[PDB]
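Heads up, the thing below is written out as structure tokens.
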There are 12 protein chains.
Amino acid sequence: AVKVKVXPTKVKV
Amino acid sequence: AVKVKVXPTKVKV
Amino acid sequence: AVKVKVXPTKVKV
Amino acid sequence: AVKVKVXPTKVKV
Amino acid sequence: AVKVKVXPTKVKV
Amino acid sequence: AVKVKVXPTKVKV
Amino acid sequence: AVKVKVXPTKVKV
Amino acid sequence: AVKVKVXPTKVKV
Amino acid sequence: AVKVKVXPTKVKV
Amino acid sequence: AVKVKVXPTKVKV
Amino acid sequence: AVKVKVXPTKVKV
Amino acid sequence: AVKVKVXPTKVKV
């Protein structure tokens, strides 16, 4: 899985 | 890989 | 894709 | 979307 | 509805 | 389905 | 929300 | 590294 | 992780 | 970060 | 710096 | 940005 930030939200997918 | 959406902002990771 | 809350974080996956 | 709880772990789907 | 795993339990919600 | 993680919290959608 | 059991699987929805 | 796709544009990061 | 712009979309991967 | 270009494909990293 | 693929071309930027 | 070439690989950075 990979860490991402999209808009203001960080998350790992 | 999957579509990630945060309000109006999308991207596929 | 579905709206989800993981921990305190809302996102659409 | 609905609250889902398994043991102590709650989330929203 | 979407296939989920929450904790150790898989289910469709 | 993909594991979505926020720090040490983990689920699968 | 309520606890549901089907055979071996429980979950609260 | 992971595939990223935005609309029809794919790349790898 | 690195800030990227793919097509029109800025994100961090 | 910098524009990287390969023929007519541009991005920024 | 990060390994990237821009168009068909791999490189590290 | 400038055209750069190493062996077979050209790119513009």
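Chain labels follow the order of the structure tokens: the first chain is A, the next B, and so on; residue numbering restarts at 1 in every chain, and ligands are counted from 1 in their shown order.
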
Practice item. Determine which residues of chain I receive a DSSP assignment of strand (DSSP E or B), computed from the backbone, and state them as a ChimeraX atom specification. Key: /I:3-6,9-12

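With only C-alpha atoms taken into account, the protein and nucleic acid residues at most 12 Å from residue B:3 (excluding it and anything under 3 positions from it in its own chain) are residues 4, 6 and 13 of chain A; 6, 9, 10, 11, 12 and 13 of chain B; 1, 2, 3, 11, 12 and 13 of chain C; 1 and 2 of chain F; 3, 4, 5, 6 and 7 of chain H.
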
Please produce a file of the residues just selected, as a PDB file, in the first residue's frame, where the atoms kept are N, CA and C atoms.
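File written: result-v4.pdb
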```
ATOM      1  N   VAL A   4      -0.646   8.607   0.652  1.00  0.00           N
ATOM      2  CA  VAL A   4      -1.094   9.584  -0.311  1.00  0.00           C
ATOM      3  C   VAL A   4      -1.691  10.731   0.479  1.00  0.00           C
ATOM      4  N   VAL A   6      -4.570  13.650  -0.733  1.00  0.00           N
ATOM      5  CA  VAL A   6      -5.483  14.070  -1.791  1.00  0.00           C
ATOM      6  C   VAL A   6      -6.342  15.192  -1.225  1.00  0.00           C
ATOM      7  N   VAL A  13      -3.284   3.746   1.043  1.00  0.00           N
ATOM      8  CA  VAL A  13      -4.147   2.862   0.279  1.00  0.00           C
ATOM      9  C   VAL A  13      -3.325   1.691  -0.301  1.00  0.00           C
TER      10      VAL A  13
ATOM     11  N   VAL B   6     -11.652  12.761  -2.397  1.00  0.00           N
ATOM     12  CA  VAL B   6     -11.827  13.577  -1.213  1.00  0.00           C
ATOM     13  C   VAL B   6     -12.582  14.826  -1.645  1.00  0.00           C
ATOM     14  N   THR B   9     -11.930  16.375  -5.350  1.00  0.00           N
ATOM     15  CA  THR B   9     -10.626  15.978  -5.861  1.00  0.00           C
ATOM     16  C   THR B   9     -10.527  14.458  -5.906  1.00  0.00           C
ATOM     17  N   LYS B  10     -10.210  13.919  -7.082  1.00  0.00           N
ATOM     18  CA  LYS B  10     -10.029  12.488  -7.241  1.00  0.00           C
ATOM     19  C   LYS B  10      -8.645  12.228  -7.823  1.00  0.00           C
ATOM     20  N   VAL B  11      -8.251  10.957  -7.785  1.00  0.00           N
ATOM     21  CA  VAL B  11      -7.016  10.477  -8.387  1.00  0.00           C
ATOM     22  C   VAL B  11      -7.065   8.963  -8.235  1.00  0.00           C
ATOM     23  N   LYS B  12      -6.324   8.245  -9.065  1.00  0.00           N
ATOM     24  CA  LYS B  12      -6.263   6.809  -8.931  1.00  0.00           C
ATOM     25  C   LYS B  12      -4.836   6.413  -8.572  1.00  0.00           C
ATOM     26  N   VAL B  13      -4.728   5.566  -7.558  1.00  0.00           N
ATOM     27  CA  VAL B  13      -3.454   5.167  -7.000  1.00  0.00           C
ATOM     28  C   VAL B  13      -3.361   3.633  -6.986  1.00  0.00           C
TER      29      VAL B  13
ATOM     30  N   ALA C   1     -17.301   3.199  -6.035  1.00  0.00           N
ATOM     31  CA  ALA C   1     -16.478   3.466  -4.870  1.00  0.00           C
ATOM     32  C   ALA C   1     -17.379   3.824  -3.692  1.00  0.00           C
ATOM     33  N   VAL C   2     -16.894   3.651  -2.456  1.00  0.00           N
ATOM     34  CA  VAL C   2     -17.738   3.864  -1.295  1.00  0.00           C
ATOM     35  C   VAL C   2     -17.077   4.823  -0.313  1.00  0.00           C
ATOM     36  N   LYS C   3     -17.948   5.617   0.318  1.00  0.00           N
ATOM     37  CA  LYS C   3     -17.592   6.498   1.406  1.00  0.00           C
ATOM     38  C   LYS C   3     -17.276   5.647   2.622  1.00  0.00           C
ATOM     39  N   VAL C  11     -12.971   9.452   3.820  1.00  0.00           N
ATOM     40  CA  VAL C  11     -12.434   9.305   2.478  1.00  0.00           C
ATOM     41  C   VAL C  11     -13.434   8.499   1.649  1.00  0.00           C
ATOM     42  N   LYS C  12     -13.310   8.580   0.319  1.00  0.00           N
ATOM     43  CA  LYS C  12     -14.042   7.723  -0.583  1.00  0.00           C
ATOM     44  C   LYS C  12     -13.039   6.829  -1.314  1.00  0.00           C
ATOM     45  N   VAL C  13     -13.283   5.522  -1.239  1.00  0.00           N
ATOM     46  CA  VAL C  13     -12.391   4.538  -1.827  1.00  0.00           C
ATOM     47  C   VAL C  13     -13.178   3.732  -2.875  1.00  0.00           C
TER      48      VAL C  13
ATOM     49  N   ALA F   1     -10.502  -5.682  -3.544  1.00  0.00           N
ATOM     50  CA  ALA F   1     -10.608  -4.865  -2.350  1.00  0.00           C
ATOM     51  C   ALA F   1      -9.209  -4.474  -1.892  1.00  0.00           C
ATOM     52  N   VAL F   2      -9.114  -3.336  -1.208  1.00  0.00           N
ATOM     53  CA  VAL F   2      -7.839  -2.782  -0.811  1.00  0.00           C
ATOM     54  C   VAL F   2      -7.882  -2.444   0.677  1.00  0.00           C
TER      55      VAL F   2
ATOM     56  N   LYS H   3       1.757   3.082  -9.798  1.00  0.00           N
ATOM     57  CA  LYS H   3       1.040   3.725 -10.883  1.00  0.00           C
ATOM     58  C   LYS H   3       0.130   4.815 -10.313  1.00  0.00           C
ATOM     59  N   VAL H   4       0.182   5.993 -10.934  1.00  0.00           N
ATOM     60  CA  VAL H   4      -0.752   7.062 -10.683  1.00  0.00           C
ATOM     61  C   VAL H   4      -1.479   7.367 -11.994  1.00  0.00           C
ATOM     62  N   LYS H   5      -2.804   7.529 -11.920  1.00  0.00           N
ATOM     63  CA  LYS H   5      -3.607   7.866 -13.086  1.00  0.00           C
ATOM     64  C   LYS H   5      -4.579   8.993 -12.739  1.00  0.00           C
ATOM     65  N   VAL H   6      -4.602   9.997 -13.625  1.00  0.00           N
ATOM     66  CA  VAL H   6      -5.467  11.155 -13.501  1.00  0.00           C
ATOM     67  C   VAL H   6      -6.164  11.315 -14.851  1.00  0.00           C
ATOM     68  N   UNK H   7      -7.501  11.145 -14.920  1.00  0.00           N
ATOM     69  CA  UNK H   7      -8.171  11.073 -16.216  1.00  0.00           C
ATOM     70  C   UNK H   7      -7.515   9.957 -17.025  1.00  0.00           C
TER      71      UNK H   7
END
```
